[PDB]
Amino acid sequence: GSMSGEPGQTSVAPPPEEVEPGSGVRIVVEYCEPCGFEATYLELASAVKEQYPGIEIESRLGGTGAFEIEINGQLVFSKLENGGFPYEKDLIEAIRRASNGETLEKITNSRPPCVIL
């Protein structure tokens with residue numbers, strides 16, 4: 001298939017009021033520090049703080065070229081399975097579904113880790 005699909009439709013804008021309604025979650029981007037994946041964790045760490053300054057997003061270790069996302073310290077969506085290509089709405093809707101107080105998407109882990117040759 002193609003990497004493209006549903007490009008950016010929204011436009012830019014100035015810094016809105018200062019409110020952290022998304023407070024109530026602890027994001028934890030698990031990635032291989034000693035690899036060079038920070039380029040992605042820093043590109044969002046500057047946009048996540050301007051959105052939800054109330055939450056708490058820290059950096060943790062993964063293992064090797066990994067990017068296990070943990071909206072609440074628990075892997076809910078791996079990047080080594082899909083192939084990457086995240087979404088600004090997928091990284092922001094994490095706390096919106098977690099802080100909601102309702103069950104979130106879980107994995108049964110009935111299959112091995114989708115490798116890549």
# chains A, B, ... in the order shown; residues from 1 in each chain; ligands from 1
$ residues_around --residues "residue 93 in chain A" --least-positions-apart "5" --cutoff "12 Å" --atoms "only C-alpha atoms" --output "PyMOL selection string"
chain A and resi 22+25+27+48+51-52+71+87-88+98-100+104
$ residues_around --residues "residue 28 in chain A" --least-positions-apart "2" --cutoff "12 Å" --atoms "only C-alpha atoms" --output "count of residues only"
28
$ select_by_dssp --residues "range 51-106 of chain A" --states "alpha helix (DSSP H)" --output "PyMOL selection string"
chain A and resi 79-82+93-98
$ write_last_selection --atoms "N, CA, C and O atoms" --output "PDB file, in the first residue's frame"
ATOM      1  N   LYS A  79       4.415   0.604  18.392  1.00  0.00           N
ATOM      2  CA  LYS A  79       4.756   1.189  17.101  1.00  0.00           C
ATOM      3  C   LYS A  79       5.584   0.219  16.265  1.00  0.00           C
ATOM      4  O   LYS A  79       5.783   0.427  15.067  1.00  0.00           O
ATOM      5  N   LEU A  80       6.064  -0.844  16.902  1.00  0.00           N
ATOM      6  CA  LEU A  80       6.870  -1.849  16.217  1.00  0.00           C
ATOM      7  C   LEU A  80       5.982  -2.898  15.554  1.00  0.00           C
ATOM      8  O   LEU A  80       6.476  -3.870  14.985  1.00  0.00           O
ATOM      9  N   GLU A  81       4.671  -2.692  15.632  1.00  0.00           N
ATOM     10  CA  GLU A  81       3.716  -3.620  15.039  1.00  0.00           C
ATOM     11  C   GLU A  81       3.079  -3.020  13.789  1.00  0.00           C
ATOM     12  O   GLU A  81       3.045  -3.650  12.732  1.00  0.00           O
ATOM     13  N   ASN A  82       2.574  -1.797  13.917  1.00  0.00           N
ATOM     14  CA  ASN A  82       1.937  -1.112  12.800  1.00  0.00           C
ATOM     15  C   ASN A  82       2.972  -0.678  11.765  1.00  0.00           C
ATOM     16  O   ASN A  82       2.801  -0.905  10.569  1.00  0.00           O
ATOM     17  N   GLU A  93      -5.669  11.825  22.270  1.00  0.00           N
ATOM     18  CA  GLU A  93      -6.911  11.157  22.643  1.00  0.00           C
ATOM     19  C   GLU A  93      -6.646  10.035  23.642  1.00  0.00           C
ATOM     20  O   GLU A  93      -7.570   9.354  24.086  1.00  0.00           O
ATOM     21  N   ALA A  94      -5.377   9.847  23.989  1.00  0.00           N
ATOM     22  CA  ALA A  94      -4.991   8.808  24.937  1.00  0.00           C
ATOM     23  C   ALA A  94      -5.497   9.127  26.339  1.00  0.00           C
ATOM     24  O   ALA A  94      -6.136   8.295  26.983  1.00  0.00           O
ATOM     25  N   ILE A  95      -5.207  10.337  26.806  1.00  0.00           N
ATOM     26  CA  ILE A  95      -5.634  10.766  28.132  1.00  0.00           C
ATOM     27  C   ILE A  95      -7.135  11.030  28.168  1.00  0.00           C
ATOM     28  O   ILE A  95      -7.768  10.933  29.220  1.00  0.00           O
ATOM     29  N   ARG A  96      -7.699  11.361  27.012  1.00  0.00           N
ATOM     30  CA  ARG A  96      -9.128  11.637  26.910  1.00  0.00           C
ATOM     31  C   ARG A  96      -9.944  10.366  27.122  1.00  0.00           C
ATOM     32  O   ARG A  96     -11.078  10.417  27.597  1.00  0.00           O
ATOM     33  N   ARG A  97      -9.360   9.228  26.764  1.00  0.00           N
ATOM     34  CA  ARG A  97     -10.033   7.943  26.913  1.00  0.00           C
ATOM     35  C   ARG A  97      -9.628   7.264  28.218  1.00  0.00           C
ATOM     36  O   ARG A  97     -10.379   6.461  28.770  1.00  0.00           O
ATOM     37  N   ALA A  98      -8.437   7.594  28.705  1.00  0.00           N
ATOM     38  CA  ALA A  98      -7.933   7.018  29.947  1.00  0.00           C
ATOM     39  C   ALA A  98      -8.514   7.735  31.160  1.00  0.00           C
ATOM     40  O   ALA A  98      -8.968   7.099  32.111  1.00  0.00           O
TER      41      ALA A  98
END
$ atom_distance --atom1 "CA of residue 14 in chain A" --atom2 "CA of residue 84 in chain A"
28.4 Å
$ select_by_dssp --residues "range 6-84 of chain A" --states "strand (DSSP E)" --output "PyMOL selection string"
chain A and resi 28-31+58-61+67-70
$ write_last_selection --atoms "C-alpha atoms" --output "short mmCIF file (atom, residue, chain, number, x, y, z; two decimals), in the first residue's frame"
data_model
loop_
_atom_site.label_atom_id
_atom_site.label_comp_id
_atom_site.auth_asym_id
_atom_site.auth_seq_id
_atom_site.Cartn_x
_atom_site.Cartn_y
_atom_site.Cartn_z
CA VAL A 28 5.15 7.26 29.32
CA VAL A 29 6.78 6.94 25.90
CA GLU A 30 8.86 3.76 26.12
CA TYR A 31 11.61 3.91 23.50
CA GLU A 58 8.20 11.16 31.20
CA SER A 59 10.76 9.16 29.20
CA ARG A 60 11.46 5.49 29.86
CA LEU A 61 13.67 2.73 28.43
CA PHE A 67 8.48 2.57 20.84
CA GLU A 68 5.94 1.07 23.24
CA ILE A 69 3.48 3.81 24.21
CA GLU A 70 2.06 3.77 27.74
#
$ atom_distance --atom1 "CA of residue 92 in chain A" --atom2 "CA of residue 4 in chain A"
21.2 Å
$ closest_residue --among "A:9, A:36, A:47, A:78" --to "residue 109 in chain A" --atoms "only C-alpha atoms"
A:78
$ atom_distance --atom1 "CA of residue 20 in chain A" --atom2 "CA of residue 53 in chain A"
5.7 Å
$ closest_residue --among "A:32, A:37, A:63, A:89" --to "residue 8 in chain A" --atoms "only C-alpha atoms"
A:89
